Amino acid sequence: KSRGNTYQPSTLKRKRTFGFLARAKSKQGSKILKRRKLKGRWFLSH
Amino acid sequence: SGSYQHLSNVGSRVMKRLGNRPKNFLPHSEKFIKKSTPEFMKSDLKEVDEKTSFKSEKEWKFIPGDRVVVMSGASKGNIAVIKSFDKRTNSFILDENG
Amino acid sequence: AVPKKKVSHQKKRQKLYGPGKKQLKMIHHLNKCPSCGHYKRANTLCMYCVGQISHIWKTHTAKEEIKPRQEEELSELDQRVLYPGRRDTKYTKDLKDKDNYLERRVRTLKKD
Amino acid sequence: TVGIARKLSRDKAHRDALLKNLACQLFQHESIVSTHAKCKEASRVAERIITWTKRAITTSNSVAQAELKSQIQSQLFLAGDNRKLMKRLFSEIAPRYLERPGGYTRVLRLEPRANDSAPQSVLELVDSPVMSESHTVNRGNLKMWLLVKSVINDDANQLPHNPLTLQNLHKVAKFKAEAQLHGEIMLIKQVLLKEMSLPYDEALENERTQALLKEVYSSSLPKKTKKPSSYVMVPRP
Amino acid sequence: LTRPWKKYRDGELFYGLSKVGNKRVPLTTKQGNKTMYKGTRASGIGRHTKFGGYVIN
Amino acid sequence: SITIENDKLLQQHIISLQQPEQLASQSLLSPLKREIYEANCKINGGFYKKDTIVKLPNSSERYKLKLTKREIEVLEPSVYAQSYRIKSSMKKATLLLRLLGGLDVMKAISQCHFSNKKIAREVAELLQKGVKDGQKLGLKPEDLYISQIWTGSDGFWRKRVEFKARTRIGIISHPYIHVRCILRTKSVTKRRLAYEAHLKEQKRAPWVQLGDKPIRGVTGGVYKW
Amino acid sequence: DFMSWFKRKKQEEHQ
RNA sequence: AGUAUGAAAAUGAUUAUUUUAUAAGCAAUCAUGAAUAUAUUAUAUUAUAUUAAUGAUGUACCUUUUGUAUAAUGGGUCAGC
RNA sequence: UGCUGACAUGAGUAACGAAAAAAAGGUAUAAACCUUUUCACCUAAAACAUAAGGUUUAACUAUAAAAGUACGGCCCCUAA
RNA sequence: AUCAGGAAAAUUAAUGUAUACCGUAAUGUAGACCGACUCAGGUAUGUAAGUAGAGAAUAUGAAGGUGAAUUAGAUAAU
RNA sequence: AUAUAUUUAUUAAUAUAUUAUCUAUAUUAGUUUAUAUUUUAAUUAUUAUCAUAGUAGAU
Ligand SMILES: [Mg+2]
Ligand SMILES: [Mg+2]
Ligand SMILES: [Mg+2]
Ligand SMILES: [Mg+2]
Ligand SMILES: [Mg+2]
Ligand SMILES: [Mg+2]
Ligand SMILES: [Mg+2]
Ligand SMILES: [Mg+2]
Ligand SMILES: [Mg+2]
Ligand SMILES: [Mg+2]
Ligand SMILES: [Mg+2]
Ligand SMILES: [Mg+2]
Ligand SMILES: [Mg+2]
Ligand SMILES: [Mg+2]
Ligand SMILES: [Mg+2]
Ligand SMILES: [Mg+2]
Ligand SMILES: [Mg+2]
Ligand SMILES: [Mg+2]
Ligand SMILES: [Mg+2]
Ligand SMILES: [Mg+2]
Ligand SMILES: [Mg+2]
Ligand SMILES: [Mg+2]
Ligand SMILES: [Mg+2]
Ligand SMILES: [Mg+2]
Ligand SMILES: [Mg+2]
Ligand SMILES: [Mg+2]
Ligand SMILES: [Mg+2]
Ligand SMILES: [Mg+2]
Ligand SMILES: [Mg+2]
Ligand SMILES: [Mg+2]
Ligand SMILES: [Mg+2]
Ligand SMILES: [Mg+2]
Ligand SMILES: [Mg+2]
Ligand SMILES: [Mg+2]
Ligand SMILES: [Mg+2]
């Protein structure tokens with residue numbers, strides 16, 4: 001069938017997988033946040 | 001103008017960026033502000049910020065209510081009494097003789 | 001298909017403005033309205049006069065507006081306490097501003 | 001299916017309903033405005049209906065009367081504001097044309113609409129009443145209103161009336177009586193003068209209308225003179 | 001016609017100014033599944049009950 | 001009450017922030033040159049001519065003004081009209097501006113009134129404003145005619161993306177233009193042009209059957225006859 | 001500013 | 001993505017001079033009439049500039065090739081890099 | 001098939017995306033907005049009441065009202 | 001019938017209850033979400049008048065909602 | 001049943017005109033109908049729309 005609609009929004013999954021805690025509660029996510037801070041990004045995670 | 005913005009401090013980062021514009025780009029905003037106000041509203045002096053505004057009497061060499069002579073202008077040689085400060089361009093406003 | 005070279009200024013201008021069918025025609029068929037000496041189109045009516053007669057019809061056949069008694073005999077304080085004001089959104093503000101997207105017809109010239 | 005009537009880019013049902021509605025609205029009101037093609041089609045339909053009702057009144061054959069009445073009903077939407085249209089037709093509209101042989105309507109052209117340049121026109125019934133039970137203007141008779149306005153204009157400018165104005169007056173007067181036409185002209189003059197902000201003198205306008213209608217209804221063959229007719233009608237040698 | 005003063009397609013949206021934007025802004029009470037509860041620091045008053053109620057301290 | 005038009009001081013303020021309402025001959029010439037030019041035109045029938053010793057009133061001195069054709073064109077009465085930001089294209093404006101070529105302003109206004117094109121309303125408004133402008137300048141509207149009329153892009157056209165099918169793309173521009181006009185007088189410009197055309201006609205050489213057509217080609221250094 | 005001048009002129013007129 | 005200025009080109013409309021509705025191809029060079037414009041030594045039988053009367057000659061430019069007008073490659077145009 | 005910017009040609013060409021609309025009045029302002037009537041279309045929906053989602057887009061700033069018995073969440077309890 | 005069918009938090013007495021917080025608009029076979037578009041695509045539930053039928057098929061349509069950023073003519077070849 | 005006009009010191013029969021043929025209870029929980037009860041709440045002639053032009057015989 002047709003393609004293009006790969007993003008199916010759901011706040012629960014959005015926050016659980018790309019939220020701030022989802023990254024601050026691990027080694028790798030903490031590194032992502034730290035790298036984004038160093039680059040100076042305004043928005044670290046959803 | 002219905003905003004409710006006067007009740008909360010939202011978008012602090014953006015507000016600070018707008019309020020702390022770099023000094024070297026100030027003419028960019030000065031141009032739009034000037035060209036977007038009527039003649040009876042605008043003044044021919046550069047708006048100043050806090051770090052250079054005169055905040056003390058010693059900085060304000062003159063205080064409203066004292067006679068002064070005006071020169072280098074259309075009213076050169078006229079004696080007038082400064083009616084008040086400006087607080088926006090660090091200037092004075094005289095009486096009708098000015 | 002697809003053009004093979006950019007068409008010259010000459011070719012484009014002669015293709016568009018060359019032929020006489022593509023050219024607007026001087027309107028010769030104008031004459032004088034009998035009800036008013038102004039210009040009008042031949043075998044056509046005059047809009048000023050037609051609209052004037054229609055306006056007369058409107059003023060003489062308009063249905064009386066409906067003003068309910070309970071409302072027309074209601075005090076200003078009660079009107080204020082029952083039917084307070086409200087803020088109009090940008091859409092309704094623009095919609096109410098009507099003289100910026102509606103044009104009235106323009107009177108023609110007096111033919112002498 | 002080709003050559004009978006305009007299609008108007010509409011299916012059969014939608015076209016027929018459109019024409020029914022246009023005819024019903026023309027009967028309900030007295031003059032309506034719409035695109036030229038729709039005006040022409042609705043004119044055809046309305047004139048056919050008026051002819052059927054005239055026949056229904058005139059015939060003495062009960063079968064024909066009943067069938068004609070049924071057909072008249074068949075071509076109408078008797079609902080809403082037009083629920084008593086059948087009675088209105090048989091009581092008011094049909095009697096107006098008991099002696100006119102066709103041509104119950106007229107289509108007058110108007111400048112195209114600015115939005116899309118679609119030609120516009122006024123579809124109107126001939127010889128509509130100008131006054132109501134209370135002697136106030138009714139809708140319709142736009143042609144009479146324009147004719148009387150032209151007469152006022154000529155009177156104000158102190159110029160003789162035009163041949164076409166007089167011809168149109170003659171056309172209207174053909175199916176009307178002197179006194180009733182006089183009264184209609186007087187009321188129209190009153191309203192038009194009050195609108196145009198010109199003084200209205202009852203005696204002077206009486207005299208002017210009387211002279212105009214005398215010229216209309218009188219007999220006088222000399223219409224000034226024609227050209228010396230550079231061609232002769234000599235017989236064959 | 002959505003807006004009677006625009007007869008032709010010019011880029012204006014059904015509503016608003018832009019269809020896109022930042023989505024990493026903090027959440028609030030109006031957004032989330034029925035299970036989402038953020039709160040407004042307005043009630044630390046008492047104890048929830050084992051059944052669902054709430055007893056004020 | 002008081003209105004803008006009634007307020008006299010306000011109008012003088014407006015005309016101070018712009019230039020005074022007066023014709024080119026009155027605005028661009030020194031007083032003496034103006035007197036010489038006006039007297040020359042009066043003696044010559046309403047327009048300048050190359051060589052005519054002009055006599056100045058209440059004085060015994062005579063002059064002979066000398067001008068370039070640019071000066072001749074610019075000193076004759078004329079009115080300049082500009083439109084506002086019109087939503088259309090140059091290709092659309094030209095269709096009507098080529099009809100309104102050199103017509104009298106009244107005729108052009110009628111044509112715009114009875115045209116089928118959306119641009120006609122704005123063009124007619126501009127022409128009526130120009131007629132009023134000429135009346136203010138001192139010109140009779142029955143004398144004005146459309147010497148020049150043209151259209152130009154007004155700038156800052158807005159571009160937008162068009163999303164075709166199968167990933168394909170396009171760019172849609174929303175063009176705005178402006179229409180400008182220069183109206184002149186049949187009693188000065190056209191008469192002067194007729195005079196010049198008459199002079200050219202009188203200057204035109206006659207056709208001689210056995211004309212002295214020059215023998216083209218170099219001589220060669222020898223007699224060929 | 002013009003605001004202050006206008007205000008004090010209103011007050012002066014009232015006085 | 002500073003400010004001011006901006007007769008920079010590509011591009012559009014209009015006007016002016018000139019040629020053009022029996023004539024056929026890189027649109028140019030030379031030969032040669034004619035119209036127009038300017039010229040404070042045109043004394044003129046003058047000079048210069050603009051312009052498809054007419055005649056002759058003339059197979060875009062780079063790249064890559066033994067070799068290209070080639071119907072082999074690259075280029076819608078201009079400004080900046 | 002250099003990069004960016006501006007502007008051209010195709011060209012005022014193709015298109016304007018399943019569709020019923022007509023008068024009178026608001027308004028001598030209207031095909032496109034509002035009202036009334038006529039006509040149609042969806043009707044185990046193009047209706048009603050909701051979940052998720054979303055630039056509040058709504059009948060809006062004077063704005064979406066809960067002790068619970070048809071109130072959900074919150075809270076107790078746990079599955080993956 | 002076999003295809004053998006979730007986990008987890010215990011009663012009477014005596015006092016006791018001033019009842020916190022958050023959702024609530026509209027859209028939701030869509031112009032208000034996912035599809036670069038006011039995209040004929042994708043998108044979870046319940047009710048879904050009556051007549052007729054075995055039926056939630058098919059015809060109608062009582063209430064409700066709607067009739068659309070394109071219009072008016074013409075209807076050649078195709 | 002309303003509105004204009006009377007047959008006595010609201011109103012009866014007419015001239016007509018306008019509007020309507022409803023609602024509400026019972027028959028064990030809900031929806032439909034069916035019949036009772038309540039109410040003025042009707043049975044003949046034409047017409048139209050929708051179903052591929054709804055359908056078949058012509059033209
Ligand atoms: Mg994507
Ligand atoms: Mg996951
Ligand atoms: Mg069509
Ligand atoms: Mg038929
Ligand atoms: Mg979206
Ligand atoms: Mg939500
Ligand atoms: Mg610019
Ligand atoms: Mg497409
Ligand atoms: Mg383009
Ligand atoms: Mg020739
Ligand atoms: Mg050729
Ligand atoms: Mg090779
Ligand atoms: Mg070769
Ligand atoms: Mg080739
Ligand atoms: Mg090549
Ligand atoms: Mg190429
Ligand atoms: Mg084409
Ligand atoms: Mg075509
Ligand atoms: Mg097309
Ligand atoms: Mg209207
Ligand atoms: Mg179905
Ligand atoms: Mg059903
Ligand atoms: Mg809904
Ligand atoms: Mg609750
Ligand atoms: Mg909701
Ligand atoms: Mg709700
Ligand atoms: Mg796609
Ligand atoms: Mg869709
Ligand atoms: Mg069905
Ligand atoms: Mg219905
Ligand atoms: Mg809906
Ligand atoms: Mg559409
Ligand atoms: Mg067709
Ligand atoms: Mg249907
Ligand atoms: Mg059908």
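Laboratory data are not the source of any read-out in this text; all were calculated from the coordinates shown. When we count neighbours, we look across all protein chains shown, and the Cβ atoms used for this are built from the backbone with ideal geometry, even at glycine.
Pairs needed: first member in region E:16-35, more than 30 Å from E:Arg3 (Cα to Cα); second member anywhere, among the charged types (D, E, K, R) and away from RNA strand K (no atom under 16 Å from the Cβ); C-beta distance under 7 Å; at least 6 residues apart or different chains.
Once the first residue is more than 30 Å from E:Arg3 (Cα to Cα) and sits in region E:16-35, its partners that are among the charged types (D, E, K, R) and away from RNA strand K (no atom under 16 Å from the Cβ) give E:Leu27/E:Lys38; E:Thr28/E:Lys38; E:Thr29/E:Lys38.
Output the number of residues of region C:56-77 satisfying the condition of being over 28 Å from the mean Cα position of the chain (by Cα), surrounded by 10 or more Cβ atoms within 10 Å (Cβ to Cβ) and outside any loop (DSSP other than H, G, I, E, B).
Just the residues of region C:56-77 that are over 28 Å from the mean Cα position of the chain (by Cα), to begin with: C:66-77.
Checking the rest, the ones that are also surrounded by 10 or more Cβ atoms within 10 Å (Cβ to Cβ) come to C:71, C:74.
With outside any loop (DSSP other than H, G, I, E, B) added as a condition, the list becomes C:71.
Total meeting the criteria: 1.
Enumerate the helices (runs of 4 or more DSSP H) found wholly within region F:37-146, keeping only those where 1 or more residues are more than 11 Å from every other protein chain (Cβ to nearest Cβ) and within 17 Å of F:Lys186 (Cβ to Cβ).
Numbers: elements: F:69-75, F:90-97, F:105-113, F:119-137.
So the answer is F:69-75, F:119-137.
Can you report the number of residues in region B:10-27 which are more than 14 Å from chain A (Cβ to nearest Cβ) and farther than 25 Å from B:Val48 by Cβ?
Of the residues in region B:10-27, 1 are more than 14 Å from chain A (Cβ to nearest Cβ) and farther than 25 Å from B:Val48 by Cβ.
E:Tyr8 is checked against (1) over 30 Å from C:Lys96 (Cβ atoms); (2) of a type in the set (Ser, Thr, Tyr); (3) near RNA strand I (Cβ under 8 Å from one of its atoms) and fails just one. What number does that condition carry?
Here E:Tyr8 clears every test but (1).
Got a sec? Which strands (runs of 3 or more DSSP E) wholly within region F:150-196 have at least 3 residues that are away from ligand 6 (no atom under 16 Å from the Cβ) and within 14 Å of chain E (Cβ to nearest Cβ)? Before you say what the answer is, go through the steps one by one.
Working: elements: F:158-163, F:169-174, F:176-185.
Counting at least 3 such residues, we get F:158-163, F:169-174.
Among (1) outside any loop (DSSP other than H, G, I, E, B); (2) closer than 28 Å to C:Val50 by Cβ; (3) not hydroxyl-bearing (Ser, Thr, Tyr), which single condition is D:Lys214 missing?
D:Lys214 satisfies every listed condition except (2).
Let's see how each residue does on (1) exposed (fewer than 13 other Cβ atoms within 10 Å of the Cβ); (2) closer than 27 Å to D:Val137 by Cα; (3) within 14 Å of chain C (Cβ to nearest Cβ); (4) away from RNA strand I (no atom under 15 Å from the Cβ):
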site: D:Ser9; (1), (2), (3), (4): yes, no, no, no
site: D:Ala13; (1), (2), (3), (4): yes, no, no, no
site: D:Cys24; (1), (2), (3), (4): no, yes, no, no
site: D:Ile32; (1), (2), (3), (4): no, yes, yes, no
site: D:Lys38; (1), (2), (3), (4): no, no, no, no
site: D:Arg44; (1), (2), (3), (4): no, no, no, yes
site: D:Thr58; (1), (2), (3), (4): yes, no, no, yes
site: D:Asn61; (1), (2), (3), (4): yes, no, no, yes
site: D:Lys69; (1), (2), (3), (4): no, no, no, yes
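Answer yes if at least one residue in region D:84-92 is basic (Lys, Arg), within 19 Å of D:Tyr104 (Cα to Cα), away from every other protein chain (no Cβ under 14 Å) and within 16 Å of RNA strand K (Cβ to nearest atom), and no otherwise. Spell out the reasoning first.
Initially, region D:84-92 is screened for residues basic (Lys, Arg), giving D:84, D:87-88.
Now narrow it down to the ones that are within 19 Å of D:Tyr104 (Cα to Cα): D:87-88.
Among the residues that remain, those that are also away from every other protein chain (no Cβ under 14 Å) are: D:87-88.
Checking the rest, the ones that are also within 16 Å of RNA strand K (Cβ to nearest atom) come to D:87-88.
Checked against the condition, which is being basic (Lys, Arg), within 19 Å of D:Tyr104 (Cα to Cα), away from every other protein chain (no Cβ under 14 Å) and within 16 Å of RNA strand K (Cβ to nearest atom), region D:84-92 yields at least one hit.
Please go through region A:1-21 and give me each residue that is away from ligand 6 (no atom under 16 Å from the Cβ) and either within 13 Å of chain E (Cβ to nearest Cβ) or over 12 Å from the mean Cα position of the chain (by Cα) (or both), ordered by number. Spell out the reasoning first.
Taking region A:1-21 and keeping what is away from ligand 6 (no atom under 16 Å from the Cβ), we get A:1-7, A:16-21.
Passing the criteria: A:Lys1, A:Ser2, A:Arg3, A:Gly4, A:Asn5, A:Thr6, A:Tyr7, A:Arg16, A:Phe18, A:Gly19, A:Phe20, A:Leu21.
Quick one: in region A:6-27, of everything that is closer than 14 Å to E:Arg24 by Cα and aromatic (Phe, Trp, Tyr), which residue is farthest from ligand 1 (Cβ to nearest atom)?
The qualifying residue farthest from ligand 1 (Cβ to nearest atom) is A:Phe20.
So D:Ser34 passes all but one of these: (1) without any contact (Cβ under 8 Å) to a residue 60 or more places away in the chain; (2) in contact with a helix residue (DSSP H, G or I) (Cβ under 8 Å, 6 or more places away or on another chain); (3) of a type outside the set (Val, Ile, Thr); (4) within 16 Å of RNA strand J (Cβ to nearest atom). Which condition number does it fail?
Result: D:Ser34 fails condition (1) only.
Just to be sure, is D:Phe77 aromatic (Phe, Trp, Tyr), assigned to a helix (DSSP H, G or I) and farther than 30 Å from F:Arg121 by Cβ?
Numbers: aromatic (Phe, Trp, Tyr): yes; assigned to a helix (DSSP H, G or I): no; farther than 30 Å from F:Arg121 by Cβ: yes.
Criteria not met by D:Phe77.
Among the residues of region D:123-131, is any farther than 27 Å from D:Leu198 by Cβ and of a type in the set (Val, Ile, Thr)? Show your work before the answer.
Looking only at region D:123-131, we keep the residues that are farther than 27 Å from D:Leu198 by Cβ, and these are D:123, D:125-127.
From what's left, of a type in the set (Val, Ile, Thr): D:126.
Checked region D:123-131: at least one residue is farther than 27 Å from D:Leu198 by Cβ and of a type in the set (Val, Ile, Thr).
Only one of F:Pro214, F:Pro206, F:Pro141 is in contact with a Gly (Cβ under 9 Å, 6 or more places away or on another chain) and on the phi < 0 side of the Ramachandran plot; which?
It is F:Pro141.
One line per residue, one yes/no per condition, for (1) within 10 Å of chain C (Cβ to nearest Cβ); (2) of a type in the set (S, T, N, Q); (3) surrounded by fewer than 18 Cβ atoms within 10 Å (Cβ to Cβ):
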site	(1), (2), (3)
D:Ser121	yes, yes, no
D:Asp127	no, no, yes
D:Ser134	no, yes, yes
D:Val151	yes, no, no
D:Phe175	no, no, yes
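Does region E:37-48 contain any residue that is among the hydrophobic types (A, V, I, L, M, F, W, C), surrounded by 10 or more Cβ atoms within 10 Å (Cβ to Cβ) and more than 14 Å from chain C (Cβ to nearest Cβ)?
So in region E:37-48, the residues among the hydrophobic types (A, V, I, L, M, F, W, C) come out as E:42, E:45.
Narrowing the set further to residues that are surrounded by 10 or more Cβ atoms within 10 Å (Cβ to Cβ) leaves none.
For region E:37-48, residues among the hydrophobic types (A, V, I, L, M, F, W, C), surrounded by 10 or more Cβ atoms within 10 Å (Cβ to Cβ) and more than 14 Å from chain C (Cβ to nearest Cβ): absent.
Residue under question is D:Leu125, and the condition is that it be of a type outside the set (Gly, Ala, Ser), touching an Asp or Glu at 6+ places or on another chain (Cβ under 9 Å) and closer than 30 Å to D:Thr59 by Cα; does it hold? Working first, answer last.
On the way: of a type outside the set (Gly, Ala, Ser): yes; touching an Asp or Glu at 6+ places or on another chain (Cβ under 9 Å): yes; closer than 30 Å to D:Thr59 by Cα: yes.
Yes: the conditions hold for D:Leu125.
Conditions: (1) of a type outside the set (D, E, K, R); (2) free of Cβ contacts under 8 Å to residues at least 40 places away in the same chain; (3) within 14 Å of RNA strand J (Cβ to nearest atom); (4) within 22 Å of D:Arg139 (Cα to Cα). D:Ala13 meets all but one. Number of the miss?
In the conditions (1) of a type outside the set (D, E, K, R); (2) free of Cβ contacts under 8 Å to residues at least 40 places away in the same chain; (3) within 14 Å of RNA strand J (Cβ to nearest atom); (4) within 22 Å of D:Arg139 (Cα to Cα), D:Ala13 misses (4) alone.
For region D:117-131, which residues satisfy the criterion of being charged (D, E, K, R) and part of a strand (DSSP E or B)?
Going through region D:117-131, the residues charged (D, E, K, R) turn out to be D:124, D:127.
D:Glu124, the sole residue that qualifies.
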